[PDB]
Amino acid sequence: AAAXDXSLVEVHXXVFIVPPXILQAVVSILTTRXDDXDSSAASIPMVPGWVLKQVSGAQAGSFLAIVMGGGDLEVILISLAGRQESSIXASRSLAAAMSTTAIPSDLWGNXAXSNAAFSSXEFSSXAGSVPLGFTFXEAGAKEXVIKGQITXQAXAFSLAXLXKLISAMXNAXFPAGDXXXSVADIXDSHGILXXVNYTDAXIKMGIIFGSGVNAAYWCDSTXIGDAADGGXXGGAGXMXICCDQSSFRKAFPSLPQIXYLXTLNXXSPXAXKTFXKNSXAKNXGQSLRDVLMXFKXXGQXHXXXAXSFXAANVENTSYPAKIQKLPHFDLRXXXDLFXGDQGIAXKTXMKXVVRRXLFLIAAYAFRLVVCXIXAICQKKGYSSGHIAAXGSXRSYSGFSXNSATXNXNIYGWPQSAXXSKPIXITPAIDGXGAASXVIXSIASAXXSXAXXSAXXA
Ligand SMILES: Cc1ccccc1C(=O)N[C@@H]1[C@@H](O)[C@H](O)[C@@H](CO)O[C@@H]1O
């Protein structure tokens with residue numbers, strides 16, 4: 001707007017501007033950290049998915065899948081057939097009071113009757129008995145696919161006595177009632193690599209850009225450190241990994257962690273998942289709020305104005321999103337927002353700063369966010385491929401285009417349009433649902449023809 005203001009704006013341009021050189025530096029220690037975690041030790045979990053097989057698109061049949069979080073349980077029935085799939089679903093809301101039940105039988109009892117309900121709805125007969133895939137985004141501890149132990153409750157549950165294998169926990173309540181078999185317990189990122197690969201052979205990774213961020217890809221058993229248990233395993237071929245890289249650089253030798261980012265760390269149930277904190281859009285409204293508050297204090301904006309704004313995480317992700325989507329010019333939509341929302345009255349020169357700031361903040365989450373994608377392709381040597389992306393942040397103003405060209409940056413591609421880029425980020429197929437059904441079909445057979453599903457016991 002005015003000189004004093006433009007100055008302050010260019011310095012925020014210095015703070016949130018992240019050049020390829022930085023991105024290249026980050027990507028480089030990312031390769032290494034990746035390696036680190038596949039080795040006998042390392043800070044990125046890099047937990048094997050136990051998906052030992054590619055997948056054809058020629059796999060057929062009826063498969064069950066569920067995923068539940070706080071709120072709902074999605075039960076999906078999916079119909080598989082020579083590279084296409086038909087899903088049908090239903091959701092059930094967690095009985096208020098579940099999450100904090102004293103009795104564990106309650107949770108499983110819940111998923112078993114919902115299951116009973118869906119089948120009775122869906123079949124009303126049926127003879128064979130169908131495999132089920134449980135996507136349990138919560139805590140590793142898969143020894144095998146058919147496994148799964150709660151490491152720690154996320155999503156805000158707290159149910160006494162579980163850090164057990166959640167699997168035996170649920171089937172039990174099945175027999176009791178009757179009809180299906182839990183053949184695989186998995187992660188949402190795995191699911192999207194898999195289901196997405198069944199429909200598109202060119203898929204090289206499965207990534208989520210939502211509240212949390214993570215990715216999955218296929219490594220190969222001989223390039224791992226798990227090599228000490230196997231036998232029936234092709235002796236060097238096809239192992240899916242759940243990176244759980246939202247923790248990269250908790251050591252901090254290389255993310256361009258600004259003062260705003262330190263603060264966000266601190267105020268968080270502290271000091272972890274720093275790659276997530278620096279590229280998760282879940283925190284982008286709070287990063288926006290901090291600079292804003294910082295300029296108020298230095299008396300450059302919101303002169304006079306009252307603050308109900310100085311409330312940690314008052315601004316969610318939808319605030320910069322909306323400010324970025326502001327179509328016209330005098331940024332009429334932001335003024336509306338700040339106003340009665342916060343009851344602030346800003347002039348258009350401020351709105352200009354608020355917008356330019358949302359701008360920086362979005363683009364850098366989008367840029368940093370692909371550093372672990374290009375790290376995989378490099379480490380695994382994928383010169384071309386498709387990255388199947390899922391997450392809420394992909395229905396965030398210009399995120400798709402941003403990471404895309406961030407990638408063109410890191411690599412150096414001189415290409416006009418995205419569609420022409422060697423590695424393209426495309427939308428995934430359903431990770432949580434179908435991906436979990438496609439992994440059961442894979443699983444089940446391995447069991448069937450008993451080929452082996454985990455580390456030698
Ligand atoms: C915080 C924590 C600690 C270690 C291992 C798992 C977690 C986690 O929830 N991480 C989840 C991850 O499992 C999931 O794939 C993504 C995308 O949905 O969201 C977070 O990153």
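When a residue number appears, it is its place in the shown sequence, counting from 1. For the numbers below, each heavy atom of this structure counts, side chains included, while hydrogens, waters and symmetry mates do not.
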Task: With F329 via side chain to side chain contact (heavy atoms under 4.5 Å, CB included) - residues at least two apart - done: none
Task: Residues in side chain to side chain donor-acceptor pair (under 3.5 Å) contact with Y382, at least two apart in sequence or another chain - done: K380
Task: Qualifying residues under side chain to side chain donor-acceptor pair (under 3.5 Å), relative to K325, sequence neighbours excluded - done: none
Open item on the list: Angle between ring planes, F248 versus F275, binned at 30° and 60°: parallel, tilted or perpendicular?
Closed with: perpendicular
Open item on the list: Once side chain to side chain donor-acceptor pair (under 3.5 Å) is applied, do any residues pair with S318, and if so which ones, sequence neighbours excluded?
Closed with: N316, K322
Task: Mutual orientation of the aromatic rings belonging to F134 and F136 [parallel < 30°, tilted 30-60°, perpendicular > 60°] - done: perpendicular
- [ ] Could you tell me which residues satisfy side chain to side chain contact (heavy atoms under 4.5 Å, CB included) with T101, sequence neighbours excluded, listed by chain and number?
- [x] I103, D106, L159
Task: Sub-6.0 Å ring centroid separation between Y260 and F16 - done: yes
Open item on the list: Which residues pass the side chain to side chain contact (heavy atoms under 4.5 Å, CB included) test with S56, not counting sequence neighbours?
Closed with: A58, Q59
- [ ] Answer with yes or no whether the side chains of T274 and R249 bring together a donor and an acceptor at under 3.5 Å.
- [x] yes
Open item on the list: Give me the atom names and distance for the closest heavy-atom approach of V369 to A365.
Closed with: CB-O, 2.6 Å
- [ ] Output all residues satisfying side chain to side chain contact (heavy atoms under 4.5 Å, CB included) with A321, sequence neighbours left out; order by chain, then residue number.
- [x] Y396, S397
